[PDB]
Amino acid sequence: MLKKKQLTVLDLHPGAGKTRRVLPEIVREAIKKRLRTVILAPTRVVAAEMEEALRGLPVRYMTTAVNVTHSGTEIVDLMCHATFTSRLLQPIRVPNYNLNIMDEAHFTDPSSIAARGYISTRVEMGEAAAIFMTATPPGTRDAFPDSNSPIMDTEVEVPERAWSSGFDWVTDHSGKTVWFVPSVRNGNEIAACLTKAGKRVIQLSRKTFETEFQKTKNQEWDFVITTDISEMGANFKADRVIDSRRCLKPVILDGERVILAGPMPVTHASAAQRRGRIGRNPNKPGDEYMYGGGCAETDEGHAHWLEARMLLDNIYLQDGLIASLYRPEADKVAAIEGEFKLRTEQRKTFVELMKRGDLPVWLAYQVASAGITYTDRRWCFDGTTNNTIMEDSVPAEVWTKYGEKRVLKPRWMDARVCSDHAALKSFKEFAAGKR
């Protein structure tokens, strides 16, 4: 695995020990061979788990999720996928790692796709080795991979709204269920219905995941209601997964706006990862997977792969060359390598709109490429009437940095800025000049 120009897909089934058994073997070998190594975790939660698996080995944890005093002599760095890509984009020196290990390498957030593209291009160049650890590489067509113990798979209608009857199997169960929903809002309704029926529910989503995931360890619970983020190595002591088999797909319409389409079917890889939360204990056969729809290749045309190209166009590789997407995921987008390359000052704007602004990649790009500076929020208010953002059926309003109350009507509409209450609160703060 460790030789230059190799990319290995470590595709052992979910729970086979890739993270806790195989990764520390790889790391010890890498250290013996004096390979400057990076290890990429999808989340802070996974980063902390890796610390436990790697404990005693000389690894520099480039994350505040781990409280360790470094020796200063580590040649192995560990950070999150997003942090890697972020550091590549910034005017900070990222070492040219000889060995690049991505855990949970199926993650489809734009920064993860971009990190795979950059890594795989370095490997293709003859410069580096890589290991992508995942049970479900791109284009997998098997939603029902092997597991540590047998799983009971049942196709069944799964509620996506509050229910009063007709789903007794949901609440009749006496164990612990992980339930995958397509969005925060849909999870909120299911969670409220379950709470009313006397169940203890924890909700997980990207913005809440570190904090809330701890509750699964510190409190007793009957259901975890989660979005797709729990496909990225989140482990639960559960005996059932309920899977709506649905997700939202960000779609760029006419090059001009982003909508959140669907819900629509998950990919096979997603379904396999959802299912793969259970069946993990070889002493507990008969964990249940209840699934409420089929799979489809909903990553085709999905905005994250175009956003990944926007990131990769703005990462230096060598002269004017630009990193390609990892080959098996490179047709998910119709894009021209280099089309989104920005000049130095617009690039800096683009970066800051993502990092400090917390704006979606696509929307950051629209603003930066328009020649707008990071603090100029006039665009949040000068869009067409149909870009009016609504809050409880009334136009959303903020006080501008000038002190004027205005309706939020962004020049470019990206549905991710108001996908839930939290998102809209954050965007309102942005529009107001508060970050």
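Numbers for residues come from their place in the sequence shown, where the first is 1.
- The mean Cα B-factor in the deposited entry runs higher for 88 to 96 than for the other of 88 to 96 and 323 to 331.
- The question of which stretch, 32 to 40 or 64 to 72, has the higher mean Cα B factor is settled in favour of 64 to 72.
- When the C-alpha B-factors of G301, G276, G294, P282 are ranked from the entry, the top spot goes to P282.
- Ranking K217, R161, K249, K348 by the C-alpha B-factor listed in the PDB entry places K217 at the top.
- When the modelled residues of the chain are ordered by C-alpha B-factor, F209 sits in the highest third.
- When all modelled residues of the chain are sorted by CA temperature factor, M50 is found within the highest third.
- Remark: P263 belongs to the middle third of its chain, ranked by C-alpha B-factor as recorded.
- Among all modelled residues in this chain, the alpha-carbon of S244 has a temperature factor (C-alpha) in the lowest third.
- When the modelled residues of the chain are ordered by their C-alpha B factor, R116 lands in the lowest third.
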